[PDB]
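In order, the protein sequences belong to chains A and I. Positions 455 to 488, 512 to 581 (the authors' numbering) are the ones given, in order, by the first sequence. When we follow the authors' numbering, the leftmost residue of the second sequence carries the number 358, and every step to the right adds one. Every residue, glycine too, gets a C-beta built ideally from N, C-alpha and C. Below is one structure, written out as structure tokens, with a few remarks after it.
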Amino acid sequence: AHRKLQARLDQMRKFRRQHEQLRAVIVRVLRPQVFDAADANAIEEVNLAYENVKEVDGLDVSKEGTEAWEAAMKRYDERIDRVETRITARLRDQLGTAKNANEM
Amino acid sequence: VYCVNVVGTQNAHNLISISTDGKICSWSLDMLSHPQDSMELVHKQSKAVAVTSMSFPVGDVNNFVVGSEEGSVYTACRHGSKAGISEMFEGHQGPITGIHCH
């Protein structure tokens, strides 16, 4: 009976693990060396996706809040996949700016 | 190899080739001497799928979709934590001969 809640707690802890290990160092990554609109757009997409998961209760072990959590993480997955394809376009722009090793 | 295609931008791009057994390989055009990123598309306790057909979405370099000899449409993402086969479609009672995104 307790094994259903423990897996959902594992899901929320691993969710906060991947979200914090993105979040706390993606500010350092999108810091300009001393500003764009796309960087603060990607940060606020991470914040909006975090609210798009965190309005859904993590404590609903029953099926409806479980699939509401599924819709929340699917919306999260699509949103940071959209941000990830934008930075993947910036990765193609990384050899789009460069040819030699030092600037890479 | 029934399918081979190219995406990426003008300033950086990749050659994408899927074979009958389901092995994908990334290639350069300047160098074909070794594949770059190469792995195997599997699903269903890792059975080797039998990929026939190929479609890219327009504007997508990471996600894509295959058809198969097994009556099965699979979308699949290129890289990341869900590098490999995403999922599965059903409905066809024949081997799939051609797919195309809008």
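Proximity test, Cβ basis, 8 Å: residue i and chain A
| i | result |
| --- | --- |
| I:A369 | yes |
| I:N419 | yes |
| I:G365 | yes |
Proximity below 8 Å, CB of residue i to CB of residue j
| i | j | result |
| --- | --- | --- |
| I:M396 | I:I381 | yes |
| I:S403 | I:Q393 | no |
| A:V530 | A:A549 | yes |
| I:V406 | I:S376 | no |
| A:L476 | A:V533 | no |
| I:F413 | I:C360 | no |
| I:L398 | I:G448 | no |
Straight-line Cα distance separating residue j from residue i
| i | j | result |
| --- | --- | --- |
| A:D554 | I:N419 | 14 Å |
| I:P452 | I:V415 | 25 Å |
| A:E561 | I:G437 | 10 Å |
| I:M411 | I:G455 | 7 Å |
| A:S539 | A:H456 | 13 Å |
| A:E544 | A:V479 | 30 Å |
| I:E427 | I:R435 | 21 Å |
| A:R471 | A:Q465 | 10 Å |
| A:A566 | I:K439 | 19 Å |
| A:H473 | A:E528 | 12 Å |
| A:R559 | A:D537 | 28 Å |
| I:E444 | A:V488 | 45 Å |
| I:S385 | A:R569 | 14 Å |
| I:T432 | A:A578 | 35 Å |
| A:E541 | A:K458 | 14 Å |
| A:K468 | A:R462 | 10 Å |
| A:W546 | A:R552 | 10 Å |
| A:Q460 | I:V358 | 47 Å |
| A:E580 | A:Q571 | 9 Å |
| I:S429 | A:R485 | 45 Å |
Minimum Cβ-Cβ distance from residue i to chain I less than 8 Å
| i | result |
| --- | --- |
| A:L463 | no |
| A:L525 | no |
| A:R552 | no |
| A:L459 | no |
| A:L572 | yes |
| A:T565 | yes |
| A:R559 | no |
| A:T562 | yes |
| A:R569 | yes |
Presumed contact (8 Å Cβ cut-off) between residue i and residue j, rounded CB distance
| i | j | result |
| --- | --- | --- |
| I:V408 | I:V423 | 5 Å |
| A:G573 | I:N371 | No, A:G573 and I:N371 are not in contact; Cβ-Cβ is about 14 Å, not under 8 Å. |
| A:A514 | A:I557 | Contact flag wrong, Cβ pair sits at about 18 Å. |
Problem - Complete runs of the alpha helix (DSSP H) confined to the region 388-422 of chain I [at least 4 residues] - result: You should have found no qualifying run.
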